[PDB]
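See structure below.
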Amino acid sequence: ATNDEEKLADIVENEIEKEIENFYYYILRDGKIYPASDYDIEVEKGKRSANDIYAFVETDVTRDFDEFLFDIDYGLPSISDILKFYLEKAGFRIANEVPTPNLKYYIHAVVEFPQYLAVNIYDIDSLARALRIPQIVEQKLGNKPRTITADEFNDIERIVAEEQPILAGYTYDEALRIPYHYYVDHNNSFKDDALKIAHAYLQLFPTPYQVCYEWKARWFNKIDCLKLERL
Amino acid sequence: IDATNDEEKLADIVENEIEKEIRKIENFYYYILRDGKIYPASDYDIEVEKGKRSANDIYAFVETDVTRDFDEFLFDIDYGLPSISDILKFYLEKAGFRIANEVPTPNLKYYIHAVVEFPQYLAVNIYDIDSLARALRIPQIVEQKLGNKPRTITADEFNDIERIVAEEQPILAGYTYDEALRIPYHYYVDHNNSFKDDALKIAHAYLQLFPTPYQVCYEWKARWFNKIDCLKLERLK
Numbered sequence: 024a025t026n027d028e029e030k031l032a033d034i035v036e037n038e039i040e041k042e043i055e056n057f058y059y060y061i062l063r064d065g066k067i068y069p070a071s072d073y074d075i076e077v078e079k080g081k082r083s084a085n086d087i088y089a090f091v092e093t094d095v096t097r098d099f100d101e102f103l104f105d106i107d108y109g110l111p112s113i114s115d116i117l118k119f120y121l122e123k124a125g126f127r128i129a130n131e132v133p134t135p136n137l138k139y140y141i142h143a144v145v146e147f152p153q154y155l156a157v158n159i160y161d162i163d164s165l166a167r168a169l170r171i172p173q174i175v176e177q178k179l180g181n182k183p184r185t186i187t188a189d190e191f192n193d194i195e196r197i198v199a200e201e202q203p204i205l206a207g208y209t210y211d212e213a214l215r216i217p218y219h220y221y222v223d224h225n226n227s228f229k230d231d232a233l234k235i236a237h238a239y240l241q242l243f244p245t246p247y248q249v250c251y252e253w254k255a256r257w258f259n260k261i262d263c264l265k266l267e268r269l
Numbered sequence: 022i023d024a025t026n027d028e029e030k031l032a033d034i035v036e037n038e039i040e041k042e043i044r045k054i055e056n057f058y059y060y061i062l063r064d065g066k067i068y069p070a071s072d073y074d075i076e077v078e079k080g081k082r083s084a085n086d087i088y089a090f091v092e093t094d095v096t097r098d099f100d101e102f103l104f105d106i107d108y109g110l111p112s113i114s115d116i117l118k119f120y121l122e123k124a125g126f127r128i129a130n131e132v133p134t135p136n137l138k139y140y141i142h143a144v145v146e147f152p153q154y155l156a157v158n159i160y161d162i163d164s165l166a167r168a169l170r171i172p173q174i175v176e177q178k179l180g181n182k183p184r185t186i187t188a189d190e191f192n193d194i195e196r197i198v199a200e201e202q203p204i205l206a207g208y209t210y211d212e213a214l215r216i217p218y219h220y221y222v223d224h225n226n227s228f229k230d231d232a233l234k235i236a237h238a239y240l241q242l243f244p245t246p247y248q249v250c251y252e253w254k255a256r257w258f259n260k261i262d263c264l265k266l267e268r269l270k
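Taken in order, these protein sequences are the chains called B and A. Counted the way the deposited numbering counts, the first sequence spans residues 24 to 43, 55 to 147, 152 to 269. Counted the way the deposited numbering counts, the second sequence spans residues 22 to 45, 54 to 147, 152 to 270.
Dropping the structure here:
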């Protein structure tokens, strides 16, 4: 499992390196990487298959070191993406969505300006469980695979993002608002609550397979992530 | 009245600054002072912390978003509302409340959202903070939870109010505020057509109930911004 994740991080890193503009990518089961937008056009043309998508890559670019560290350590994935990814992997189909049923990984790549790259690899199922998605989908839709309406997607989305406490008694939307307030907006009044959320997040949410690199002489050079966090 | 004159002045202040920045993507947040001077917010906060500048002089807060996708640019123009956190903070402080040990901005009248499309276009959206807070039912929720007498509130009290405003009350076509942000994003930015009916319902309620921002648009043409009709803008690729 860790072997596949190391391979995926080098696939992401080589692509960012090659590029050094683009933010979203798909990694296929064969290890090929493509920008997500152009792949979606090929999928609908019938040229490429959505069944071949193995990993989804979201690239954030930063110029502030506090933001870079926050993104890599405490940054939450989009709840809309994980819900969509979980539903499709469980056999459901969302109206107007081409499903990606064999998606295993969610990858968040953060580039600090170039100076550093941090590649975070998450298992989608593990992430969906921590977001308390399976139980809500089961209570609301059942187990029988079907196409769900936009209204049904929205009803589930509301519960998971706004109604269910996930971290230190807070909902997903409060857990986006409160930490960022302290960590990125540098507002000290939200220290107590941000730290409570941070502490719960680190234990309850799946630890990502994290690979770090430093930009030196036209290359990204693999380094210990602790060195990045310690600088 | 003179509100429209002030808003036109504010949009040219923002435009002049984005233009100045392009000719030399550096700063995303700014303050506009009551004298019309514009400063990056991060630097200004340090000058306040030093006793050089006063948070009392802040008249408008500017948030600049930069985009490279036309659909996202149009969505940000049409639905680029200020952060709930910001409007609540701005309303509380303007009403005399103090949030824990944080430095208040009591004389803030406007929230400005500037969107730059890559450079090709600039759209400046000016929101009146009071009008926005009222449409969000912020005064009624603050009154029910804190009372009418201003005092210092805890971070927990701020959070409790924020949760009701954004995640509990049906504010637009029966949806909570957070659903009202997500549904049109799903329709316009995620390009999912099944979300059309709900997005249009929210759009209709939003255009009726919420205050219309004063919107000013510009096209980048030969090292300068040049005025353009905003509705002409939505036709451009």
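The beta carbon of each residue, even a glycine, is placed where N, CA and C say it ideally should be.
Pick out whichever of the options has its Cα sitting closest to the Cα of residue i.
i, options, result
"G207 of chain A", "A:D94, A:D223, A:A232, A:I106", "A:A232"
"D105 of chain A", "A:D94, A:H219, A:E28", "A:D94"
"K254 of chain B", "B:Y140, B:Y154, B:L103, B:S112", "B:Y154"
"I67 of chain B", "B:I216, B:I34, B:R268, B:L242", "B:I34"
"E29 of chain B", "B:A199, B:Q248, B:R127, B:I261", "B:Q248"
"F57 of chain B", "A:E36, A:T96, A:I43, A:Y120", "A:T96"
"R196 of chain A", "A:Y108, A:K79, A:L169, A:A32", "A:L169"
"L269 of chain A", "A:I39, A:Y239, A:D98", "A:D98"
"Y251 of chain B", "B:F243, B:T245, B:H219, B:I261", "B:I261"
"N225 of chain A", "A:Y210, A:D100, A:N85, A:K79", "A:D100"
"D107 of chain B", "B:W257, B:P244, B:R167", "B:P244"
"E146 of chain A", "A:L31, A:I159, A:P246, A:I43", "A:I43"
"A24 of chain B", "B:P246, B:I113, B:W257", "B:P246"
"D223 of chain A", "B:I87, B:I141, B:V175, B:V132", "B:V132"
"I87 of chain B", "B:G125, B:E78, B:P111, B:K138", "B:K138"
"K265 of chain A", "A:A156, A:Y210, A:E40", "A:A156"
"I171 of chain B", "B:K79, B:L117, B:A129, B:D193", "B:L117"
"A70 of chain B", "B:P203, B:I141, B:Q202", "B:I141"
"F119 of chain A", "A:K79, A:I194, A:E78, A:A166", "A:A166"
"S114 of chain A", "B:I159, B:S164, B:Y218, B:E78", "B:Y218"
"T187 of chain A", "A:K234, A:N130, A:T209", "A:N130"
"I216 of chain B", "B:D163, B:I235, B:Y160", "B:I235"
"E267 of chain A", "A:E36, A:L103, A:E78, A:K81", "A:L103"
"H237 of chain B", "B:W257, B:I204, B:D211, B:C263", "B:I204"
"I128 of chain B", "A:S227, A:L242, A:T209", "A:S227"
"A124 of chain A", "A:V144, A:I162, A:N158", "A:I162"
"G180 of chain A", "A:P152, A:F126, A:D189", "A:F126"
"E122 of chain A", "A:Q202, A:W257, A:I159, A:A84", "A:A84"
"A89 of chain B", "B:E176, B:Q173, B:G80, B:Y60", "B:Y60"
"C263 of chain A", "A:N158, A:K182, A:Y220, A:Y210", "A:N158"
"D189 of chain A", "B:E212, B:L31, B:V175, B:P152", "B:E212"
"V198 of chain A", "A:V175, A:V144, A:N37", "A:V175"
"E36 of chain A", "A:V77, A:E78, A:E92", "A:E92"
"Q202 of chain B", "B:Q173, B:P152, B:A32", "B:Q173"
Return the bridge partner residues of residue i from the DSSP annotation.
i, result
"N158 of chain A", "A:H142, A:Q248"
"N130 of chain A", "DSSP output for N130 of chain A lists no bridge partner at all."
"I261 of chain B", "B:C250"
"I186 of chain A", "A:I128"
"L205 of chain A", "A:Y208"
With residue i as the anchor, note down where its beta strand (DSSP E) starts and where it stops.
i, result
"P69 of chain B", "67-69"
"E92 of chain A", "87-96"
Just to confirm the assignment, what range does the alpha helix (DSSP H) spanning residue i have?
i, result
"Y218 of chain A", "210-221"
"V35 of chain B", "25-42"
"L62 of chain B", "Looking at the DSSP string, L62 of chain B is not in any alpha helix (DSSP H); the run it does join, the beta strand (DSSP E), is 58-62."
"residue 151 of chain A", "For residue 151 of chain A, nothing is modelled; it lies in the interval where chain A passes from 147 to 152 with no residues in between."
"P172 of chain B", "171-179"
"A199 of chain B", "Here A199 of chain B belongs to no alpha helix (DSSP H), and DSSP marks it neither H nor E."
"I235 of chain B", "229-242"
"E55 of chain A", "No alpha helix (DSSP H) contains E55 of chain A, which DSSP labels as neither H nor E."
"residue 149 of chain A", "Here chain A breaks off after 147 and picks up again at 152, leaving residue 149 of chain A without coordinates."
Indicate, with yes or no, if the ligand NAP has a heavy atom lying under 7 angstroms from the CB of residue i.
i, result
"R184 of chain A", "No copy of the ligand NAP occurs in the structure displayed, which carries no ligand at all."
Would residue i be called buried (16 or more neighbouring beta carbons within 10 Å of its own) or exposed?
i, result
"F191 of chain A", "buried"
"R63 of chain B", "exposed"
"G109 of chain B", "buried"
"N26 of chain B", "exposed"
"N259 of chain B", "exposed"
"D72 of chain B", "exposed"
"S112 of chain B", "exposed"
"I75 of chain A", "exposed"
"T185 of chain A", "exposed"
"residue 149 of chain A", "Along chain A, the last residue before the gap is 147 and the first after it is 152, so residue 149 of chain A carries no coordinates."
"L240 of chain B", "exposed"
Exercise. Give the residues from the region 115-145 of chain B that approach chain C closer than 7 angstroms (Cβ to any Cβ), ordered along the chain.
Key: Within the model displayed, chain C is absent; protein chains B and A are what it includes.
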